[PDB]
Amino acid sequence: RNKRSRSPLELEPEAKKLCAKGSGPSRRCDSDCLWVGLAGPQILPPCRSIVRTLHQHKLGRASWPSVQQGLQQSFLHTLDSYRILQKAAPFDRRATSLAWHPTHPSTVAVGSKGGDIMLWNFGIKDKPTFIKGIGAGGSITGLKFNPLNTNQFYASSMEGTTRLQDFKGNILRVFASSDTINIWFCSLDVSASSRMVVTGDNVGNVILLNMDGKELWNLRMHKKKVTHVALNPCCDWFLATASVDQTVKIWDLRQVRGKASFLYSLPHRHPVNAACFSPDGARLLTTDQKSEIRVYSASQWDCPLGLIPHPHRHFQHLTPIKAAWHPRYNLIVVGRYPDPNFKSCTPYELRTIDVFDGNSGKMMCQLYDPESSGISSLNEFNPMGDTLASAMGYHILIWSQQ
């Protein structure tokens, strides 16, 4: 609606749109008009094409919201043409953890149900450096590159450990431990600046450690296993995490004491595997175990700005589907898991990587390939933002562009 006009401007210059829907033209419009959907052709004509906007920027005539927005439709373009699959490499078991190199655009490192890590590069070949796990209880549920020295990775395991080890695979030190097990950590995160590490458990407690030793943490957060912990980029002291408890639990890493005295907790109809603050740090995108996508503002963390209905789900040997932010523009990519019982507007739904606007929630694109029919779970764009790595089909996928 307002949304129709809002996208088509795409604002400064305004001189398009501004019509109050043309008084409905004259209705929804009544009888035959547009329609909504037909908002599409106009999107086609109304635009004042880019290289027209670039010049207005340099004149100060148009705001960054303009150019940045309009650049993301030049991203959505070349996205639809992303259809090519550049490279694929397997290891074994299934893809679980993904870590994008903070600096290096062709370097991505992925985790396994089996405690195996592959370091992978492009323009290279030169087969990847490997580490093999025991393969039964070795599941590493999350992976973060060591910000300080990129040769090391923080990796959370089903082995009873969250550790830092050189990519040659000779471990440096261990932080959080078990001494018992029949339990393990799942969620993990590190914030470069903060030098905080924070890790979760299946029992629901977190354990947060300063990059060296010395925890004050482990007061049980909530009752059920914690799927993700997100350290906000723009905030050191605070946090958000994910549990089967059907709660988000936004936190404050420092002044939180009282054993689940918190600030805001966000309820969900279901359990939640993803926390994922935006590079702004000013939004929280949550992925729920059956159908939903939660966007939360920093203005009223309670009421989410809105929901995008999406077909994902839980399956045991499916690795929990996590939605993720584009590092640069405002976009979401969730892997779609079609079911009979969705509301779906497009049966039969070939199974694809889906891209949503955000700030709107509409689908601006979808990524599909035959010969990998595989269901998408982990999709995380490259920090540069020109490449998308997907660990899904038992293999890893890089798309990039022709």
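Note that residue numbering begins at 1 and tracks the sequence as displayed.
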**Request:** Identify the stretch, either 134 to 142 or 257 to 265, whose C-alpha atoms have the larger mean B-factor according to the entry.
**Result:** 257 to 265
**Request:** State which stretch shows the higher mean Cα B factor in the entry: 117 to 125 or 272 to 280.
**Result:** 117 to 125
**Fill in**
Note to self: of 326, 83, 163, 314, the C-alpha temperature factor tops out at 314
**Request:** Compare the CA B factors listed in the entry for 220, 290, 195, 294 and report the winner.
**Result:** 195
**Asked** residue 338's Cα B-factor: lowest, middle or highest third of the chain?
**Response** lowest
**Prompt:** Against its chain's modelled residues, does residue 51's Cα B factor rank lowest, middle or highest third?
**Reply:** middle
**Message:** Test of reading the entry: by CA B factor among the chain's modelled residues, which third contains residue 368?
**Reply:** middle
**Message:** Using the temperature factors of the C-alpha atoms in this entry, rank residue 204 within its chain: lowest, middle or highest third.
**Reply:** middle
**Message:** What third of the chain does residue 211 rank in for C-alpha temperature factor, lowest, middle or highest?
**Reply:** highest
